[PDB]
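Engineer: Following this message is one structure expressed as structure tokens.
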RNA sequence: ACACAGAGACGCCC
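In the entry's author numbering, the protein residues as written are 1 to 394, 404 to 915, 921 to 1315, 1334 to 1341, 1345 to 1423, 1433 to 1590, 1594 to 1613.
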């Protein structure tokens, strides 16, 4: 290893070439540990390096044994000295040696070695080593080195003639190396190894010595002192803990620590379970007798038929046996009226006398029509004439509440369908309806109209409604938006979107969404008994009769339309029947909740997205027209049906076809066994769609077992043939089959849970409690060959803990416990209580809410952590380490730990504040250990993508050319409530120093006696019913436990809580479970490596084993090199048995394998949800397309588009193209203008027409982007182009030209904010006290007042506005859209309407001519240089040309450095303001280097001053609160993208990506 | 109509 070869091979060009940071990981196995001795004396350090072990050459052969010492002055750079011993040439060239003179002050720095080539080409490099565990240290050190040695070395370039200079820095850390030169991944290992040895030397020297230490900081002394004092003085009173908490004795811990693990038991148990696994494999896959794979596959098929025919004999017996049913799937009429204008045409050729004859709906409609026609029409349709007055000049919406007479028969018929049916329950006709409604359907029900609907439907035909009001409005808005990028590429995609918008399904979804939008605003209204509300849709003549109930209950509607009006109808028999009343079509009363008003409002946008997505995935070009194929129609119809049904179990049947179809990827000798998921598809059937889905799922279940997917290796890449859609029966390619598993994600996640269905989550919580062992001897005391439930083996746990120590000491050195202790002490001691108090909710279930017959008249509320830390502030604590003792005392005195349960969705374990304070330290301790694990991903985010990809490099170097890789995905059964806390305590205490033992033992032991509180409204309807008639065991047992008939081990008589001892929780204990499973997986890896050393007949099968682990899911990779056909067969059999043994070896650790694990797959593995088919990484883009419209509640109108762009970029990162992203953005435009009031407000034409003359995102304008780089650029780039292209920049000049001597429209949307403010007692001085002394805001928290003021500032922030909200965003936001434009809603005091703001901006702010001068440009947009050089490359393609190339089969995940960082900005401006204001050092610039930027900022922003008081008086920011957010929110930030596609090695990469990723199989070219 | 292997809602308040 020498630097001269590296300097001779480097590619250096004339000018300023800086390259790009290339990151290299640790992929190779380091040989051994250089045992060494360190002695401290005054004469040096006397390092005695021993003979390093060396079994494999390279990566550790450069170490020379001998006696070397360093005097006690260069002891702070032992890492730097030893790491770069072979590279640090003693040349010592000062910068004045190669450059004549500059005299810039910093003229005496020597950038390490600056050795040049023969042709005078100067190459400069600096060496640096940091002790960091993540890339957050690597990139930081890189940036520090660049900012320190860039401008000095670049100042000498302009004076020279033809300079050729290259600047790069190498940063070495234990775990990864970051550099600029092309390292060979062989000397990088050398550098990392020598860094590890140097870290060992420095740690050993620093241990016994104390004077040799770099002065770290003054701040990192108090934290260590506080933490050490606490852990030396905290006595948790263990002698009371054992008597209070069950199964908690320190003797168990000391015996576990001080006893070696027995080897005889481990060998015998392993050998027994191995032959048990072999016997199971022989029995369950028909290996014996010896049969070829035709007849055993036929046996598998017939056996799967035998299982699948028995499920449809127990589903057919607990249900009614009706084989014919006329129930409709879609509860909406299939009408497609033409979009006319607002005109009430209720007059008929034959008068309202024929309506009286047809049923009761006809009579109701007739009475309504007589009331409307011969009455005052003031609420049916809004009147724009008397609407401007409240809008253009300086809660009250009107509705037509008519009261018909109706007969008792008609009222009863209405009451059958739920309309005012609470009073009518007792009569006979309602009881029969209620009794029949509970029955489940039969699997043999005849459904064939659903199957016919998916084959022949006119959902995609073009309706000639492209010249109507709504379509023309959308076209005008789109043309206005796409005016700064007017090319052919934009026009073609706009034409495609316009053509997609005129489909039958989209036109139907438009008025369906309008109806849902209008219903969403009708919940907030109440009416007396017998009242109804009549109204009309905006662009369609459809009349709705609405019956609001409570605003949290059902709302009822009926639809009516003239028969001659219905021009076209949809084809299919999946729609509900309609009443034919003369020349009128009427609809029965239907119900709809507030949580089901989300998929209906978003229906047209989802339909458009589905059309575009499946059109590209079938290969159809977006700029062409084709007759729709039979594949597109089936997928669109399936999406339509799933969106319109919106039921929980419908999602599960489609969700559980992935695990059905990952079988068939299983290679011989193992057989595909899909008949393992039959235990999950055992539930009630309540809709005709679920029966069809179940039958199709069983058909594909048999089809998979009949034959697996073929493997066709053509050349260099393997391909699978035989793939098919699960519920379609049709054959497609691999990616369509992969992402058709996520069609069930169109169902809304956020459904409220009724009190009827609340008992299932308690069943899931309490199901493992009846299996508690009677005598605890196997719970952490001894060993067992065959442990029972909840039991584990101590010897195997110790073996796993020891196995995950030889993977830690081999990377971070033999001295890691000391560094771990220092990091943990620093992390715990540096946390203040102000870092706590988030928006998370606590619980108030302490002692009084315990007996049920006391709190009957009391309603129970939760709380928030804010008040619970505010009371500690008022009592007075400043550090987290002080409050934890009082928390422990409170927990110990009341000997329990309190949990409340609150799901209300489709869980959550909220916890008391004291328990949160106690468990925060334990989570902090576990997190610092999880980041030291080689294969643990939930604490190391970079490891998911960097350990499966690096398996190929190891398998190629170590084995050779051509290796059979064999993977095995594995996921576990009920991970929660299946782990005993003693396991976690012992595993965590194995890795701690002796001081973190009593604390962790006491903190963990509190989890073992729980008390979960159940809902009071559940108990209200449980005390009344003495005996239950339910056919469920849990329902029959719970009421007896509550009343007293039974004596059940988890509830008492009359109490309102649930006791549980055996179990962990989801959430709270997160990193400890990951650590335990990492120990288990390290044991498996060691055991597999041990078995591969042996073999079938004493012959060693060469291969490598890789393991990836998270928190709940894991995978195992094995690759071998047989080079013999008989050895091929026998080696694959051995590896298959070895991978099958994991299921039997798991229960020894208290871990249960699930039925959703795929074992023994050759070239396929999925880890989280990421499929790795050889070189064809697939992510499901449909998962992120289905969640594109999941916006949150924000106040500013410019904050909606930021969330829209945030949702838009994630689908692009998921595999979407650029045309797809542009179309999704068009759909988002439609969604934004719909929630802005497109078809809800009558005064929208004026607002739109006046928005044409004034584009402004903060005023409600949606900005599009370039339809070639469609997702990479964020909202800032769009804002920059808008302000530099149109009147936005010219109009914005008044904000620095009119006030010389960013959103200003804040919405008001809110009843539980003032209560929160007064609850935690903020004084009414929180703003003026900051105004006089801004010291409390920037510096630090010193005492009570600073903490209180900083907390008051934190509460009054925009983050709490988004955080404190309900879960239903879209209906709540669109409900306020009915009055947004007209009524006074916005704020600047002086609340006004949107029309008023738009008018006042028109005549005052617009009358200007000019542009923003290019000196304030680098304040709003301090990132504009690379804006310009990216926009320049984007300004190269303006037409639609190119050729349809053939795809390349190398799809990999890339990373494009779109916006690295501008280095000329020399960090940020807020720290500079604090520097010049507060007398605090905050910028990394020395004497007078802090200057030369104050003048620049003063030129950028006027009226600033060095004195804090002058800046207050000068500008509009008449406070010190708003100015902090103003200066902080607009600043330069790094932007990157992770696009998926063909690999790129080495500005041309962006053009390459644009030219390849515009459309798959298409190249734009030139 | 919604929910559920019949635990709820189909309004509160006077």
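Beta carbons: idealized from backbone N, C-alpha and C, even for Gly.
1) Run through DSSP, which three-state label would residue 433 get?
2) Pick out whichever of 379, 346, 384 has its Cα sitting closest to the Cα of residue 366.
3) Count the CB pairs spanning the region 157-172 and the region 12-28 that are closer than 8 angstroms, and state whether there are at least three.
4) Put residue 1495 into one of helix, strand or coil per three-state DSSP.
5) Answer with buried or exposed for residue 1127, where buried requires no fewer than 16 other C-beta atoms within 10 angstroms of its C-beta.
6) Would you kindly work out how many angstroms separate the C-alpha atoms of residue 1512 and residue 1576, rounded to a whole number?
7) Whole-angstrom Cβ separation of residue 881 and residue 847, contact assumed at under 8 angstroms?
8) Rounded to whole angstroms, what's the CA-CA distance from residue 1476 to residue 691? Just pull it up for me.
9) What residue from 707, 1403, 752 has the CA that sits closest to residue 643's CA?
10) Which of the three DSSP states is assigned to residue 1551 in this structure?
11) Taking Cβ positions, are residue 788 and residue 994 nearer each other than 8 angstroms?
12) Please identify the residue among 969, 1567, 812 whose C-alpha is closest to the C-alpha of residue 1097.
13) Would residue 581 and residue 742 qualify as a contact pair, given that the criterion is a beta-carbon distance under 8 angstroms?
14) Is it true that the CB of residue 1408 sits closer than 8 angstroms to the CB of residue 530?
15) Tell me where the alpha helix (DSSP H) around residue 1303 begins and ends.
16) Residue range of the beta strand (DSSP E) that residue 126 falls in?
17) With 16 as the cutoff for other CB atoms within 10 Å, does residue 233 come out buried or exposed?
18) Runs of 3 residues minimum, wholly inside the region 946-1008: which ones carry the beta strand (DSSP E) assignment?
19) Closer than 6 angstroms by C-beta to residue 1493: which residues in its own chain qualify, once you throw out the five before and the five after it? Chain order, please.
20) Mapping DSSP to helix, strand and coil, what is residue 888?
21) Assuming residue 915 contacts residue 758 (C-beta within less than 8 angstroms), just tell me the rounded distance between them.
22) Count the other C-beta atoms from every protein chain shown that fall within 10 angstroms of the C-beta of residue 809, then say buried if there are 16 or more, exposed otherwise.
23) Look at the Cβ atom of residue 129, then the Cβ atom of residue 137, and state whether they are nearer than 8 angstroms.
24) Once you ignore the five residues that flank residue 121 on each side, which residues in its own chain have a CB closer than 7 angstroms to its CB?
25) Kindly identify the DSSP beta-bridge partner or partners of residue 1190.
26) What's the gap between the Cα of residue 1623 and the Cα of residue 238?
27) Please report the straight-line C-alpha distance between residue 807 and residue 967, rounded to a whole angstrom.
28) Give the list of continuous alpha helix (DSSP H) stretches no shorter than 4 residues that lie fully inside the region 1255-1302.
29) Under 8 angstroms between the Cβ atoms of residue 509 and residue 468?
30) Could you tell me the distance, in whole angstroms, from the CA atom of residue 1465 to the CA atom of residue 1539?
31) Quick one: is residue 1100 buried, meaning 16 or more other Cβ sit within 10 Å of its Cβ, or exposed?
32) With distances taken Cα to Cα, identify the nearest neighbour of residue 1634 among 118, 151, 147.
33) Could you have a look at residue 905 and say whether DSSP puts it in helix, strand or coil?
34) For the 8 angstroms Cβ check, are there 3 or more pairs between the region 613-631 and the region 588-602?
35) Does DSSP put residue 520 in a helix, a strand or coil?
36) By Cβ distance below 8 angstroms, which residues in the same chain neighbour residue 142 in space, the five residues on each side in sequence not counted?
Structural biologist: With the given structure in hand:
1) Taking the first chain and counting its residues from 1, the one referred to as residue 433 is at position 424. Three-state DSSP puts residue 433 in coil, outside helix and strand.
2) Position 366 of the first chain, counted from the start, is the residue given in the question as residue 366. Considering only alpha carbons, the answer is 346.
3) Yes: at least three Cβ pairs fall under 8 angstroms.
4) For the purposes of this step, residue 1495 is identified with residue 1451 of the first chain, where counting begins at 1. Coil.
5) Along the first chain, one-based indexing puts residue 1127 at 1113. Looking at its Cβ environment, which holds 16 or more other Cβ atoms inside 10 Å, residue 1127 is buried.
6) Taking the first residue of the first chain as 1, we reach residue 1512 at position 1468. Taking the first residue of the first chain as 1, we reach residue 1576 at position 1532. Whole-angstrom Cα-Cα distance: 8 angstroms.
7) Position 872 of the first chain, counted from the first residue, corresponds to residue 881. Position 838 of the first chain, counted from the first residue, corresponds to residue 847. Not quite, the Cβ-Cβ distance comes to about 15 angstroms (not below 8 angstroms), so this is no contact.
8) On the first chain, position 1432 is the one that residue 1476 refers to. On the first chain, position 682 is the one that residue 691 refers to. Distance between the alpha carbons of residue 1476 and residue 691: 60 angstroms.
9) If you number the first chain from 1, residue 643 lands on position 634. It is 752.
10) Here residue 1551 corresponds to residue number 1507 of the first chain, with the count starting at 1. Here residue 1551 sits in coil by DSSP.
11) Numbered from 1 along the first chain, position 779 holds the residue referred to as residue 788. Numbered from 1 along the first chain, position 980 holds the residue referred to as residue 994. Result yes, Cβ atoms of residue 788 and residue 994 sit closer than 8 angstroms.
12) What you label residue 1097 is simply residue 1083 of the first chain in a count that begins at 1. With distances taken between Cα atoms, residue 1097 lies closest to 812.
13) Here residue 581 corresponds to residue number 572 of the first chain, with the count starting at 1. Here residue 742 corresponds to residue number 733 of the first chain, with the count starting at 1. Not closer than 8 angstroms, so no.
14) The count along the first chain starts at 1 and reaches residue 530 at position 521. The count along the first chain starts at 1 and reaches residue 1408 at position 1373. No, Cβ-Cβ distance for residue 530 and residue 1408 is not below 8 angstroms.
15) On the first chain, position 1289 is the one that residue 1303 refers to. It spans 1301-1306 - the alpha helix (DSSP H) in which residue 1303 sits, taken as one unbroken run.
16) The residue you call residue 126 lines up with position 126 of the first chain. Element bounds for residue 126: 122-129.
17) As a working note, residue 233 is residue 233 in the first chain. Under this definition residue 233 is an exposed residue.
18) The qualifying runs are 978-985.
19) On the first chain, residue 1493 is found 1449 positions in, with the first residue counted as 1. For residue 1493, where only same-chain residues beyond five positions count, the Cβ hits under 6 angstroms are 726.
20) Here the question's residue 888 lines up with position 879 in the first chain. Strand.
21) In the first chain, residue 915 corresponds to position 906, counting from 1. In the first chain, residue 758 corresponds to position 749, counting from 1. Between residue 758 and residue 915 the Cβ distance is about 7 angstroms, and since that is below 8 angstroms, they are a contact.
22) Numbered from its first residue, the first chain carries residue 809 at position 800. Classification of residue 809: buried, given that the 10 Å Cβ count is 16 or more.
23) Against the first chain, residue 129 aligns to sequence position 129. Against the first chain, residue 137 aligns to sequence position 137. Cβ distance not < 8 angstroms, so residue 129 and residue 137 don't count as in contact.
24) As a working note, residue 121 is residue 121 in the first chain. Excluding positions up to five away in sequence, the list reads 12, 164.
25) The residue given as residue 1190 occupies position 1176 in the first chain. Note: residue 1190 sits in a beta bridge opposite 1187.
26) No answer is possible for residue 1623: the residues shown for the chain start at 1 and end at 1613.
27) Translated into the one-based positions of the first chain, residue 807 becomes position 798. Translated into the one-based positions of the first chain, residue 967 becomes position 953. When only Cα atoms are considered, residue 807 and residue 967 end up about 33 angstroms apart.
28) 1259-1266, 1289-1297
29) Here residue 509 refers to the residue found at position 500 of the first chain. Here residue 468 refers to the residue found at position 459 of the first chain. Their beta carbons are not under 8 angstroms apart, which means residue 509 does not touch residue 468 by this criterion.
30) For this step, residue 1465 is matched to residue 1421 along the first chain. For this step, residue 1539 is matched to residue 1495 along the first chain. Using only the alpha carbons, I get a separation of about 18 angstroms.
31) Taking the first chain and counting its residues from 1, the one referred to as residue 1100 is at position 1086. Residue 1100 should be labelled buried.
32) It is not possible to answer for residue 1634, since the shown part of the chain is limited to 1 through 1613.
33) Within the first chain, the letter at position 896 stands for residue 905. In the structure shown, residue 905 falls within a coil segment according to DSSP collapsed to helix, strand and coil.
34) In short, these stretches do not touch, since the Cβ pair count stays below three.
35) The count along the first chain starts at 1 and reaches residue 520 at position 511. Helix.
36) Counting from one through the first chain, the residue named residue 142 turns up at place 142. Excluding sequence positions up to five before and after residue 142, its CB lies within less than 8 angstroms of the CB of 21, 169, 171, 178, all in the same chain and listed in chain order.
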